[PDB]
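Let's start with one chain on its own, the form deposited in one PDB entry, as structure tokens.
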């Protein structure tokens, strides 16, 4: 089954240490593409590359473009809550 969990991080005026990827297509997923070495996200060990962000501070990203996710993140506040879905067994198909 799909694994969805939520994490609340306190950035204290600092960054989360998370780099996300996506596009402006309303329904493309917002993916954690990399983590800053030594950053908060990495130090918690609770954020992983490849997982997708479903909501930020309770604001759903369903049908929202990357620009909205970036906006939600820089307008978050001292604490940021991320609803995350674990990546699955996706393998490239050749034809």
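Residue numbers count along the first chain shown, from 1.
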Mind pulling up the entry and telling me whether 72-80 or 12-20 has the higher mean Cα temperature factor? 72-80
Residue stretch of maximal mean CA temperature factor, 41-49 vs 23-31: 23-31
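The form solved in complex with a partner chain exists for this protein as well; it is not shown, and the discussion that follows is about that form.
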I'd like to check something about residue 70: if you look in the bound PDB entry, is any of its heavy atoms closer than or equal to 4.5 Å to a heavy atom of the partner chain? yes
Looking in the bound PDB entry, any heavy atom of residue 54 within 4.5 Å of the partner chain? no
Check residue 15 for me: does it contact the partner chain in the bound PDB entry (non-hydrogen atoms, 4.5 angstroms)? yes
Against the partner chain in the bound PDB entry, would residue 49 count as a contact residue? Criterion: heavy atoms within 4.5 Å. no
